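# Provided hereafter are the protein sequence and its experimental coordinates.
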Amino acid sequence: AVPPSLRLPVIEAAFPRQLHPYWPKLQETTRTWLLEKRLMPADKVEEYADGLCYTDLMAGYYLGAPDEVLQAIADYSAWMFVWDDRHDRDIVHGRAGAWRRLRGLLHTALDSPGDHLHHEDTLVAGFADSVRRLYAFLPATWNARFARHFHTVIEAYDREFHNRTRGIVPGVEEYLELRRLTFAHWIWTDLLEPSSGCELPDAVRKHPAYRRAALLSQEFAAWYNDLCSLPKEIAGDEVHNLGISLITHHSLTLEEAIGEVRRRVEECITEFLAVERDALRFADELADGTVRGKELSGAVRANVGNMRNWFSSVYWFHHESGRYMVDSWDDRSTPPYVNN
Ligand SMILES: CC[N+](CC)(CC)Cc1ccccc1
Ligand SMILES: [Mg+2]
Ligand SMILES: [Mg+2]
Ligand SMILES: [Mg+2]
């Protein structure tokens, strides 16, 4: 089963898994999309793609999403992983010029993806493809919000570059602000809306209960990744991890830091369960008997429901994905699925 140091019985008992019915087609289609966009080598796609469970992760998250919405999300999510991989490889191989150029290309492509569908850099071209498809579901105000959020995410990745180049391990709270961006908290929160087929008015999505529930879902996911990816990231000289920040700055041992991380991870679960009642109560309040009210009520309920799904999907993803199976690699510093 799941290692005791990563065991979360509450998740296993109170957060039952869910799987989108489109998943089987999703797994094959994203794999095809990875190949035809040349984002991974053909033989690495063959050997590793399905084992990475990227599609599985998303299909256990955005339940109720239209098939084409889930597809665009999965393709984007898969791109996000290979972006993390080249971000890592640029740092290790010390390719600062290449990173800065990619950084500039991503910013530009984010606002104008159509112009970049056939850019020479395949990573850019793949990004433009998934982003443009994501822009075809909801009004431009949502597209603008997604872009504004991802612009921040890119710069967050640039901060990580400069931290790792200089060996700077961020302070605990410095990291926590940073982790909200490098994990793309608000992208995932944004994508809840096209999954339920409705852009929420600011007044609804900025409701304190919605805000708190959305945050707690992402804080759990990010910090659990830190807990589970810690072995691979130490071996890979990654410095961005709550466990690492606690060791470096609070003189915690490895054993102590792991215990501290899971406690914070567990606080997320119980805090979420509290505010989930508030968020769900808010959903009931939106249903005032009007058509518009019924729409907003249903959207919020689905979204909060998927905030909950994020817990279970992320939890099992870290135990099923080959991305974190560092023990099974010849070279622990270089993941076999990574373009080296
Ligand atoms: C690894 C990068 N990722 C996924 C693409 C987005 C920043 C975080 C993540 C890791 C593991 C599970 C869910 C999200
Ligand atoms: Mg990483
Ligand atoms: Mg990273
Ligand atoms: Mg990680």
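Noted; the coordinates are in hand. Numbering: from 1, shown residues only. Ligands and ions are numbered 1, 2, ... in the order given.
# count the neighbours of whichever residue of the stretch 101-250 of the chain sits closest to ligand 4 for me.
Residue of the stretch 101-250 of the chain nearest ligand 4, by C-beta to the ion: residue 229 (3.4 Å). In short, each C-beta sits where N, CA and C put it, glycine included. The local packing count at residue 229 equals 18, with neighbours defined by other C-beta atoms under 10 Å.
# what about the residue of the stretch 1-150 of the chain found nearest ligand 1, how many residues close to it?
Using C-beta to the nearest ligand atom, the closest approach of the stretch 1-150 of the chain to ligand 1 is made by residue 80 at 3.5 Å. A total of 16 residues lie near residue 80 under the criterion other C-beta under 10 Å.
# ok, it to residue 251 distance?
Residue 80 sits at a distance of 34 Å from residue 251 (criterion: C-beta to C-beta, to the nearest Å).
# on that earlier part again, the residue of the stretch 1-150 of the chain closest to ligand 1 and residue 183 touch, don't they?
No: with contacts counted by C-beta atoms under 8 Å, residue 80 stays clear of residue 183, the gap being 10.1 Å.
# what is the neighbour count of the residue lying closest to residue 116 once chain neighbours are set aside?
Nearest residue to residue 116 in three dimensions, chain neighbours excluded: residue 128, at 3.7 Å (C-beta to C-beta, 6 or more residues apart in numbering). Each residue near residue 128 was counted by other C-beta under 10 Å, and the total is 24.
# mind listing what residue 128 touches?
If you count contacts by C-beta atoms under 8 Å, 6 or more residues apart in numbering, residue 128 has them with 109, 113, 114, 115, 116, 117, 119.
# tell me the secondary structure for the residue sitting furthest away from the middle of the chain?
Of all residues in the chain, residue 289 sits farthest from the chain's C-alpha centroid, using C-alpha atoms, centre = their mean; the distance is 35.8 Å. When the structure is split into helix, strand and coil by DSSP: H, G, I helix; E, B strand; the rest coil, residue 289 lands in coil.
# how close does it get to residue 297?
From residue 289 across to residue 297, the span is 10 Å (C-beta to C-beta).
# follow-up on the earlier one: just after the helix or strand containing the residue nearest to residue 116, pick out the following helix or strand.
Take DSSP states H and E as the rule and residue 128 turns out to sit in helix 122-134. Moving toward the C-terminus from helix 122-134, the next helix or strand (DSSP H and E) is helix 140-166.
# what residues sit buried inside that following helix?
Of the residues in helix 140-166, those with enough neighbours to count as buried (16 or more other C-beta atoms under 10 Å) are 142-143, 145-147, 149-150, 153-154, 156-157, 159-161, 163-164.
# which of those residues sit farthest apart?
142 and 164 (33.0 Å; C-beta to C-beta).
# which ones are touching residue 194?
Listed by C-beta under 8 Å, 6+ apart, the contact partners of residue 194 are 65, 69, 134, 137, 138, 142.
# does any bit of stretch 60-73 sit next to ligand 1?
No: judged by C-beta under 6 Å from any ligand atom, stretch 60-73 and ligand 1 are separated, with a smallest distance of 8.8 Å.
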